[PDB]
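Everything below concerns the one structure shown next.
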Amino acid sequence: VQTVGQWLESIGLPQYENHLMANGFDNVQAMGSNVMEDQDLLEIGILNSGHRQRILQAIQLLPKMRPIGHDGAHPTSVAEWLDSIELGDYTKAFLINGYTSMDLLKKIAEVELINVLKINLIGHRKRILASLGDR
């Protein structure tokens with residue numbers, strides 16, 4: 001079981017744990033398939049310079065990449081889809097927003113997402129972004 005608190009405490013100390021968690025980065029799984037990015041770690045709210053590289057090289061060096069780890073998901077709707085992303089309440093916003101077909105989720109841009117879904121959270125953002133696979 002991987003926990004942000006443990007990982008963070010290892011690479012450094014329990015100081016940004018709250019930030020990440022509250023920023024959606026409460027589950028290490030958020031960086032299981034796609035290691036954290038400079039823009040993300042920087043968008044959160046780090047103390048000061050000298051830590052960015054640490055988290056980057058660390059989260060990037062994290063030996064969690066394997067060949068057998070090629071499992072994916074095949075949902076039928078926004079519901080089951082988000083269900084595989086540690087999210088369910090989103091189903092409401094997504095639905096009322098007009099998201100019925102997965103394809104539709106791939107017909108929007110960043111701004112459109114933060115403007116429609118109104119997520120405004122790196123965690124949930126990266127999670128869904130990775131789940132869909134825009135780029």
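Residues are referred to by chain and number: the chain letter is A, B, ... according to the order shown in the structure tokens, the number counts from 1 in that chain, and ligands are numbered separately from 1 in the order shown.
Residues within 9 Å of residue 52 of chain A, counting only C-alpha atoms and excluding same-chain residues fewer than 6 positions away, are residues 38, 41, 42 and 46 of chain A.
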Keeping only C-alpha atoms, write the selected residues to a file as an mmCIF file, in the first residue's frame.
data_model
loop_
_atom_site.group_PDB
_atom_site.id
_atom_site.type_symbol
_atom_site.label_atom_id
_atom_site.label_comp_id
_atom_site.auth_asym_id
_atom_site.auth_seq_id
_atom_site.Cartn_x
_atom_site.Cartn_y
_atom_site.Cartn_z
ATOM 1 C CA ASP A 38 7.273 20.008 -12.642
ATOM 2 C CA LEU A 41 4.442 19.948 -8.150
ATOM 3 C CA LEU A 42 5.029 23.646 -8.826
ATOM 4 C CA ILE A 46 6.066 23.964 -2.533
#
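For residue 135 of chain A, the list of residues within 12 Å, based on only C-alpha atoms and with local chain neighbours fewer than 3 positions off taken out, reads residues 34, 106, 109, 110, 126, 129, 130, 131 and 132 of chain A.
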Dump C-alpha atoms for the selected residues as an mmCIF file, in the first residue's frame?
data_model
loop_
_atom_site.group_PDB
_atom_site.id
_atom_site.type_symbol
_atom_site.label_atom_id
_atom_site.label_comp_id
_atom_site.auth_asym_id
_atom_site.auth_seq_id
_atom_site.Cartn_x
_atom_site.Cartn_y
_atom_site.Cartn_z
ATOM 1 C CA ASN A 34 2.438 8.996 -14.940
ATOM 2 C CA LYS A 106 -12.082 13.497 -25.501
ATOM 3 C CA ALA A 109 -9.708 20.987 -23.758
ATOM 4 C CA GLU A 110 -8.052 21.882 -20.454
ATOM 5 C CA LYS A 126 -4.097 14.290 -13.605
ATOM 6 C CA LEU A 129 -6.466 13.235 -17.727
ATOM 7 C CA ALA A 130 -4.457 10.015 -17.497
ATOM 8 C CA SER A 131 -7.557 7.811 -17.453
ATOM 9 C CA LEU A 132 -8.644 9.251 -20.802
#
(message) Could you tell me how far atom CA of residue 48 of chain A sits from atom CA of residue 12 of chain A, in Å to one decimal place?
(response) 13.5 Å
Quick one: contact table of segment 78-103 of chain A to segment 71-74 of chain A, 10 Å max, nearest atom pair and distance in Å to one decimal per residue, counting only C-alpha atoms, chain and number order, as a Markdown table?
| residue | atom | partner | partner_atom | distance |
| --- | --- | --- | --- | --- |
| A:80 | CA | A:74 | CA | 8.7 |
| A:81 | CA | A:74 | CA | 7.6 |
| A:84 | CA | A:73 | CA | 7.4 |
| A:85 | CA | A:73 | CA | 9.8 |
Based on the selection just made, write N, CA and C atoms of those residues as a PDB file, in the first residue's frame.
ATOM      1  N   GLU A  80     -19.291   4.171 -14.415  1.00  0.00           N
ATOM      2  CA  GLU A  80     -18.303   3.109 -14.281  1.00  0.00           C
ATOM      3  C   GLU A  80     -16.901   3.625 -14.595  1.00  0.00           C
ATOM      4  N   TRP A  81     -16.824   4.585 -15.510  1.00  0.00           N
ATOM      5  CA  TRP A  81     -15.544   5.164 -15.903  1.00  0.00           C
ATOM      6  C   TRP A  81     -14.853   5.816 -14.709  1.00  0.00           C
ATOM      7  N   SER A  84     -13.526   3.783 -11.704  1.00  0.00           N
ATOM      8  CA  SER A  84     -12.196   3.190 -11.780  1.00  0.00           C
ATOM      9  C   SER A  84     -11.116   4.253 -11.603  1.00  0.00           C
ATOM     10  N   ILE A  85     -11.521   5.422 -11.120  1.00  0.00           N
ATOM     11  CA  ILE A  85     -10.588   6.522 -10.902  1.00  0.00           C
ATOM     12  C   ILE A  85     -10.762   7.122  -9.511  1.00  0.00           C
TER      13      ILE A  85
END
(request) Identify, on the basis of only C-alpha atoms, every residue whose closest approach to segment 95-100 of chain A does not exceed 7 Å; exclude the query and any residue fewer than 4 positions from it along the same chain; express the result as number ranges by chain. (result) A: 77-78, 91, 104-105, 116
Take the residues that were just selected and, keeping C-alpha atoms, output them as a PDB file, in the first residue's frame.
ATOM      1  CA  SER A  77     -20.399   5.161 -19.166  1.00  0.00           C
ATOM      2  CA  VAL A  78     -19.129   8.139 -17.172  1.00  0.00           C
ATOM      3  CA  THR A  91     -20.844  11.472 -12.233  1.00  0.00           C
ATOM      4  CA  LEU A 104     -17.302  13.339 -25.579  1.00  0.00           C
ATOM      5  CA  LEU A 105     -14.735  13.434 -22.775  1.00  0.00           C
ATOM      6  CA  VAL A 116     -17.231  22.776 -17.365  1.00  0.00           C
TER       7      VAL A 116
END
(request) Go through A:1, A:36, A:44, A:58 one by one, measure the shortest atom-to-atom distance of each to residue 22 of chain A using only C-alpha atoms, and give the residue with the smallest value. (result)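 Ranking A:1, A:36, A:44, A:58 by distance to residue 22 of chain A, first place goes to A:44.
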(request) Using DSSP on the backbone, list every residue of chain A that comes out as alpha helix (DSSP H), and give them as a VMD selection string. (result) chain A and resid 4 to 11 17 to 22 38 to 44 52 to 61 78 to 83 90 to 97 102 to 105 110 to 116 122 to 132
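Relative to atom CA of residue 25 of chain A, atom CA of residue 94 of chain A is found at 20.8 Å.
Compared by their closest atoms to residue 61 of chain A, and using only C-alpha atoms, the residues A:35, A:86, A:107, A:27 rank with A:35 nearest.
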(request) Find the residues near residue 7 of chain A: any atom within 10 Å, counting only C-alpha atoms, skip ones fewer than 3 places away on the same chain, and give them as a PyMOL selection string. (result) chain A and resi 2-4+10-14+17+28+55+58-59+62
